[PDB]
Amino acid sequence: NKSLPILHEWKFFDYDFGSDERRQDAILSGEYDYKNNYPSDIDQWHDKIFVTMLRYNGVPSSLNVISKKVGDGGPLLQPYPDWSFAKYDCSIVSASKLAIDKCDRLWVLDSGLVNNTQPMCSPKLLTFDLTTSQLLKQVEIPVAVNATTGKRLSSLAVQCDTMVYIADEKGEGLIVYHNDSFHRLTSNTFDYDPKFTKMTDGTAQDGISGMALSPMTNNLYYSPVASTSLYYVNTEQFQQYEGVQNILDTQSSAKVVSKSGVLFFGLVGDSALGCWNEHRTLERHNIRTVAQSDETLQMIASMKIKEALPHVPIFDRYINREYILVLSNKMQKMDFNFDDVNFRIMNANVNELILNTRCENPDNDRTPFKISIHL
C-alpha cells in the first residue's frame, strides 16, 4: 500500500512551440489538441526524460523530452531531436516504445500508426546516438504483419552485435532483429485470451504486449494483454517457451526486470504494482504486491529500471543502485477530467520497495552504511 514519489505530473500535455504566438497557430490548425495527447512510453538518459505520445489527431510531436519550461497543464514537452522528426507526410509517425543500451544509443519503435490503427507509413526502428543527438541508423520493418490475420508494434527490448525484440499485440507475434536480418515468430502463448479481454477505476482483444528482458537470466518475459498469465522465452535461442498460466488474479500491464532479477508488473484490477523474484519459483506464494493507489496507479503504461551513476564497481556494496520509473496514465479514461492530474511519472528505489518481502534479493549486511538512490 505504498504511494511512490512523483517526479513529474500533468493535467494535460503541452509543448514548447517557441512563443504563445506559434502555439495558437497550431491550436487553430488542429496540429495540437490537448484532449488527444496520450503518453505511450517514458525513458531517461542523463538530464533527459523521454516521453512518447500516441500520434492521434492533434499531437504535434511523438518523440519528446521534458523541457525546462512549464504550463498550466504541467511540464511542456519538446520534440527530440528537433521538430524535423515531428513531421509525418511518412518521412517518426508514432514512437510507441523506447529503449536505451549500454553504448548510449536510443532505440525507437515507430509503429507507423495514426490514431493507433490506420498505418499511414510502414513501421521502423530508429537508433540515435545520445552523445550527439544525431541519427545512426533507420530500418523499415517489412516481419511487420501477421501474414494470415494481416494485422501494431507495441513493445520493445534491446540486448556493443546487438539484438532487438519487438512484440506485435494486434498481429500476435515476436519480431527478432539482428544488428541485418528480421524474423517473425508465433505461438499460442502470444495469442490473446478471450476470458481476460474485459478490464473493469470503474474490452481489448490484444496479444503479446508487456515485454521485459531479464539482464541476469536472458528470459524475455511477456504475456498477452488479454491474459492473467506470465510466460517467457529464453533469448539464447535467437530459426522457427516457459511460464505458468492464470498465475495472476487480474491482468498485468507493463513489465520490467531489475539487473538483480526482480520482475515488476502492473496489476490492472487492483491499480497496483506487483513483483516476483526470478530466484524463486513462479507461483502464487512468490507473487507480492508492493505498491498500490486508487488515484495514482490506474494504468501502468510503462516502467524502466536504471542504475545510479557513475558506475564505480568497488563501491557497489555501499549502494542500492537500482531505481524504477513508472508512467501511470489513465488508459481507462482514454471522457477525461482535465482539471485533475492524469499522467504521472513516479519513481522509487528498487531495494526499498521489496526489502523484507518475498521479492527481495538476499541482503549481505556487511557495511556500516547503505545508501538508497532514486531521482
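Start at 1 and count along the sequence shown; that's the residue number.
**Q** According to the PDB entry, how many deposited residues between residue 202 and residue 203 are absent from the model (none, 1 to 3, 4 to 9, 10 or more)?
**A** Gap size class: 1 to 3 residues without coordinates, per the record.
**Q** If I compare the deposited sequence with the modelled residues, how many are absent between residue 89 and residue 90: none, 1 to 3, 4 to 9, or 10 or more?
**A** Gap between residue 89 and residue 90: 1 to 3 unmodelled residues.
**Q** Comparing 76-84 with 214-222, which stretch shows the greater average C-alpha B-factor in the deposited entry?
**A** Here the higher of the two C-alpha B-factor means belongs to 214-222.
**Q** Averaged over C-alpha atoms, is the B-factor higher for 274-282 or for 130-138 in this PDB entry?
**A** The stretch with the larger average C-alpha B-factor is 130-138.
**Q** In terms of recorded Cα temperature factor, pick the maximum from 195, 288, 152, 105.
**A** Checking the PDB record, the top C-alpha B-factor among 195, 288, 152, 105 is at 195.
**Q** Among 146, 260, 302, 252, where is the Cα B factor highest in this entry?
**A** If I rank 146, 260, 302, 252 by C-alpha B-factor, first place goes to 146.
**Q** Considering every modelled residue of the chain and its Cα B-factor in the PDB entry, is residue 332 in the lowest, middle or highest third?
**A** Residue 332: CA B-factor falls in the highest third of its chain.
**Q** What third of the chain does residue 185 rank in for C-alpha temperature factor, lowest, middle or highest?
**A** Answer is highest: the recorded C-alpha B-factor places it there.
**Q** Lowest, middle or highest third: which one holds residue 21 when the chain's residues are ordered by CA B-factor from the entry?
**A** According to the entry, residue 21 has a C-alpha B-factor in the chain's highest third.
**Q** Going by the entry, which third of its chain does the Cα temperature factor of residue 363 land in?
**A** Highest third, going by the recorded CA B-factors of the chain.
**Q** How does residue 269 rank on Cα B-factor within its chain, lowest, middle or highest third?
**A** Middle third by C-alpha B-factor.
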